[PDB]
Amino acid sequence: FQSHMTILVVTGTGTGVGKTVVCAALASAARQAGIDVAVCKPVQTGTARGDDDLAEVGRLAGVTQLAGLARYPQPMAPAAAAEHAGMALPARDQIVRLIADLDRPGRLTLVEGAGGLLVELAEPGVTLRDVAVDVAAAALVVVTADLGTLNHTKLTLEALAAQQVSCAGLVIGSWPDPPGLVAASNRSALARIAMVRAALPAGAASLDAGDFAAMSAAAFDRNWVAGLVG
């Protein structure tokens, strides 16, 4: 049996691709599968505009094990948000510790990044990619089905591979109904580049505890969710 937690860093090809709702949905599916979930957001910016990804995940999925660290008021890159506040970025070891303290046998721990993969989270130039290497995490990458997604996905996967960070698959953060030409062909093209784990219905974030759990359980292959933790 597995004596330690499975760690996934949940990154995105950019900003506003749906990382938070994806963390919530995977947490919900895993919880319904009988797996204990912790969600972790080591660096949060935009707190002065109300942003709070951990609180949204608690709302959406009913997750109680929520682990935060740094929060910066302005909705910018951590470096700039920290500077604007007259604060500093956390150290690399603080982020790693925040994650490692969550360790339980057979737990699934989701670590949500701020923006995309190479955003600086700690000094100097420490990114979510470095953190994933420190903790031996795999990366789940949230993508859109919009024009431009194929270049961003491939850039992101190449950067994971460059530091031997394993790819857990793609999740389409928002999937339109009905899907247009571009969206439909993008979903097929994305599925040639990597496994597409889920494509969450557009508007999922505005669902409600009951419907969100139902959406979440239908959205992932149960065989993949089941295998996450042993």
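Residue positions are given as counts along the sequence shown, with the first one as 1. Each form is matched to the other, and the largest set of C-alpha atoms that superpose within 1.5 Å is called the rigid core.
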**Request:** With the rigid core held as the alignment frame, decide whether 134-142 or 119-127 lies farther from the shown form in 9 other deposited structures of this protein, in terms of RMS C-alpha distance.
**Result:** 119-127
**Complete:** Between 20-28 and 207-215, the record assigns the higher mean Cα B factor to 207-215
**Message:** Which is higher on mean Cα B factor in this entry, 198-206 or 158-166?
**Reply:** 198-206
**Prompt:** From 125, 73, 148, 113, can you pick the one with the highest C-alpha B factor in the entry?
**Reply:** 125
**Prompt:** Whose C-alpha has the highest temperature factor in the PDB entry: 33, 54, 172, 189?
**Reply:** 33
**Third of chain Cα B-factors occupied by residue 92** = middle
**Request:** Give the position of residue 142 by CA B-factor within its chain, expressed as the lowest, middle or highest third.
**Result:** lowest
**Third assignment of residue 83 from its chain's C-alpha B-factors** = highest
**Message:** Considering every modelled residue of the chain and its Cα B-factor in the PDB entry, is residue 60 in the lowest, middle or highest third?
**Reply:** highest
**Request:** State the tercile, meaning the lowest, middle or highest third, of residue 37 with respect to the CA B-factors recorded for its chain.
**Result:** lowest
